[PDB]
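Colleague: In this text, residue positions in the sequence shown follow the authors' numbering: the first is 5, and each later residue adds one. Next up is a structure, given as structure tokens.
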Amino acid sequence: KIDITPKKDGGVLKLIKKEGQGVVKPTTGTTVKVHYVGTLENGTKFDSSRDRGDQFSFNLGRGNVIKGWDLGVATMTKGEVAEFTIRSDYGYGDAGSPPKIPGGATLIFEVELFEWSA
């Protein structure tokens, strides 16, 4: 796993499962479309766009998703599949997010970036 935080503070680690195409990545102001599955360290699944059967779209770099996501997706290329290990300070913090996410929980997300546009 590679630490992708600005100062490498250990808050967001990334492991590429499948390399994407090229080197171009989505930037702030773009709308990305992805599929994802989120689980706790013990495997407990708390969210998934795949189970809903609908790709998830959001505007990158505007704080519309947890900090670990704005950081992680910005490092992905088209078609890439990556696993992010997100410490709570880049996730839901000390309060957590009921009903399944306790405070201080490290989140594991597997994300597949399909495309993006302005």
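All C-beta atoms in this analysis are idealised placements derived from N, C-alpha and C, irrespective of residue type, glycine included.
Drop a sphere of 10 angstroms on the beta-carbon of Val27, count the other beta-carbons inside from all chains shown, and report buried for 16 or more, exposed for fewer.
Modeller: The residue labelled residue 27 in the question sits at position 23 within the sequence shown. The residue is exposed, with fewer than 16 neighbouring Cβ atoms inside 10 Å.
Colleague: Looking at the strands, I want to know which residues DSSP matches up with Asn63.
Modeller: As a first step, residue 63 must be located in the sequence shown, where it is residue number 59. Per DSSP, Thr35.
Colleague: Is the Cβ of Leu117 closer than 8 Å to any Cβ of chain C?
Modeller: Although the question refers to chain C, the structure presented lacks it and comprises just one protein chain.
Colleague: Would you say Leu64 and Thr34 are within 8 Å of each other, going by their C-beta atoms?
Modeller: For the purposes of this step, residue 64 is identified with residue 60 of the sequence shown, where counting begins at 1. For the purposes of this step, residue 34 is identified with residue 30 of the sequence shown, where counting begins at 1. Yes, these two residues count as a Cβ contact at 8 Å.
Colleague: Roughly how many angstroms separate the alpha carbons of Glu87 and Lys21, rounded to a whole number?
Modeller: As a first step, residue 87 is located in the sequence shown; it is residue number 83 there, counting from the start. As a first step, residue 21 is located in the sequence shown; it is residue number 17 there, counting from the start. Straight-line Cα distance between these residues: approximately 7 Å.
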